[PDB]
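Below is one structure, written out as structure tokens; the observations come after it.
Start at 1 and go down the list; that is how both ligands and their atoms are numbered. All values below come from the heavy atoms of this structure, side chains included, with hydrogens, waters and symmetry mates left out. Position 1 is the first residue of the sequence; numbering continues from there.
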Amino acid sequence: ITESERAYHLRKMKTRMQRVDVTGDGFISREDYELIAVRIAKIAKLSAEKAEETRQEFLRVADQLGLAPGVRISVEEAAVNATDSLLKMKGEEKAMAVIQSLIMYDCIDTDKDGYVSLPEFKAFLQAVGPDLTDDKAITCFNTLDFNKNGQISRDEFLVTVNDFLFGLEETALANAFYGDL
Ligand SMILES: [Ca+2]
Ligand SMILES: [Ca+2]
Ligand SMILES: [Ca+2]
């Protein structure tokens with residue numbers, strides 16, 4: 001792994017943590033996960049029943065990540081610890097990290113039809129990136145939609161996640177993920 005490779009990977013990890021920090025305090029906490037769910041519910045005009053299910057799902061992810069009440073990790077620490085951890089992983093641990101990431105797929109799938117639609121992916125991207133234009137969100141969606149069938153399936157999401165977490169050189173995939181480093 002080169003110095004340029006490591007720096008690229010850190011840029012990706014910084015993008016991830018800055019996008020997740022929707023509260024804008026320079027930390028990652030369960031408040032961030034809750035706000036992303038709340039914003040998705042507004043953007044996607046979810047019913048009150050679906051909005052609460054989605055809020056609970058995001059908080060469950062916060063719980064799985066260890067973001068208990070009062071726990072806050074700086075975006076700087078989060079990003080550094082991510083590049084360090086992920087770049088040390090061998091094959092079996094990589095595979096598990098990728099499967100684990102699919103919990104985020106399920107969160108974004110708010111109608112639970114097992115696919116991520118354009119509305120669902122757009123709601124997610126604009127929840128974490130309020131500055132991202134409708135056009136750019138569509139571009140990001142089209143990047144993940146490998147077969148151009150109008151939905152992001154779990155296979156498409158998974159191969160994208162793998163490149164985002166472990167990729168060492170620039171791709172359109174990694175840019176669409178959050179998207180825009
Ligand atoms: Ca935050
Ligand atoms: Ca769906
Ligand atoms: Ca597709």
Side-chain angles (χ1 to χ4, degrees), residues 13-41 43-44 46-48 51-52 54-82 98 101 103-132 137-164 171-179:
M13 295 308 100
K14 280 181 190 162
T15 303
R16 173 173 150 211
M17 304 316 171
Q18 289 184 24
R19 289 309 84 212
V20 173
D21 179 19
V22 288
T23 70
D25 68 340
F27 292 91
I28 299 312
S29 72
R30 69 191 292 106
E31 289 82 7
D32 297 304
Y33 286 76
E34 189 188 24
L35 185 50
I36 292 170
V38 170
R39 282 178 178 183
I40 287 172
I43 296 170
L46 299 183
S47 69
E52 180 63 13
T54 298
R55 196 182 69 95
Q56 286 305 317
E57 280 168 44
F58 272 83
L59 288 173
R60 185 103 84 82
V61 174
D63 290 353
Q64 284 176 293
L65 291 171
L67 300 172
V71 173
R72 294 183 298 143
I73 308 305
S74 79
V75 292
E76 165 82 1
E77 178 188 317
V80 172
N81 291 359
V98 171
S101 77
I103 303 142
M104 317 302 322
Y105 182 89
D106 288 329
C107 291
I108 289 161
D109 181 19
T110 51
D111 68 10
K112 304 295 149 164
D113 77 340
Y115 296 104
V116 165
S117 71
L118 174 56
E120 286 163 344
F121 195 62
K122 184 182 173 291
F124 169 73
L125 289 180
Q126 290 175 328
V128 296
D131 44 297
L132 189 81
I138 288 153
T139 296
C140 291
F141 176 85
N142 290 338
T143 297
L144 270 69
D145 185 12
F146 279 68
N147 63 3
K148 295 302 179 296
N149 74 344
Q151 22 178 51
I152 298 165
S153 47
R154 206 184 301 270
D155 58 295
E156 290 178 336
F157 189 85
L158 181 164
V159 302
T160 301
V161 160
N162 179 76
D163 178 69
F164 192 81
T171 59
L173 298 178
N175 257 278
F177 200 59
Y178 279 110

[X] to [Y] - nearest heavy-atom pair and separation:
X      : Y      : value
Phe177 : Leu125 : O-CD2, 3.5 Å
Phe27  : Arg72  : CE1-NH1, 3.4 Å
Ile152 : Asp145 : CG1-N, 4.3 Å

Where the Ca ion (ligand 1) is the vertex, angle from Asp25 OD1 to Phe27 O to 10°: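 If I round to 10°, I get 80°.
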
Apex the Ca ion (ligand 1); atoms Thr23 OG1 and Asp32 OD1; angle rounded to 10 degrees: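 Taking the Ca ion (ligand 1) as the apex, the two atoms subtend 80°.
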
Using a cut-off of strictly less than 3.0 Å, determine whether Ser153 has an N/O/S atom near the Ca ion (ligand 3).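 Coordinating: no.
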
Report yes or no: does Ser29 have an N/O/S atom closer than 3.0 Å to the Ca ion (ligand 1)?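 No, since none of the N, O or S atoms of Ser29 sits under 3.0 Å from the Ca ion (ligand 1).
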
Please report the C-alpha distance between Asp109 and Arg154 in whole Å, then the side-chain angles of each, then the deciding distance to 0.1 Å, and finally whether the salt bridge (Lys or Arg N to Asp or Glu O under 4.0 Å) criterion is met. CA-CA 10 Å; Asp109 181 19; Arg154 206 184 301 270; 5.9 Å; no

Sub-4.5 Å side-chain heavy-atom contact between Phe58 and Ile40: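 They are in side-chain contact.
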
Would a line drawn from the ring center of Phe164 to the ring center of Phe157 be shorter than 6.0 Å?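 Not close enough - the centres of the two rings lie 6.0 Å or further apart.
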
Shortest-distance N, O or S atom of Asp21 relative to the Ca ion (ligand 1):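 Nearest N/O/S atom: OD1.
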
Polar side chain donor-acceptor pair, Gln18 to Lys14, under 3.5 angstrom: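 Checked: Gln18/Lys14 side chains show no N/O donor-acceptor pair below 3.5 Å.
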
If you measure only the distance, is there a donor-acceptor pair under 3.5 Å linking the side chains of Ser29 and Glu31?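 Per modelled atom types, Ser29 and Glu31 side chains form a pair under 3.5 Å.
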
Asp145: which N/O/S atom is nearest the Ca ion (ligand 3)?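 Within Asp145, restricted to N, O or S, the Ca ion (ligand 3) is closest to atom OD1.
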
Please state the angle at the Ca ion (ligand 3) spanned by OD1 of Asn147 and OE1 of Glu156: what is it, rounded to 10 degrees?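 Result: 120°, to 10°.
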
On the ring face of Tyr178, is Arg19 found with NZ or CZ under 6.0 Å from the centre and within 45° of the axis?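 Not flagged: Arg19 not positioned over aromatic ring of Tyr178.
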
Tally of protein N/O/S atoms under 3.0 Å from the Ca ion (ligand 2)?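 Protein heteroatoms (N, O, S) closer than 3.0 Å to the Ca ion (ligand 2) number 6.
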
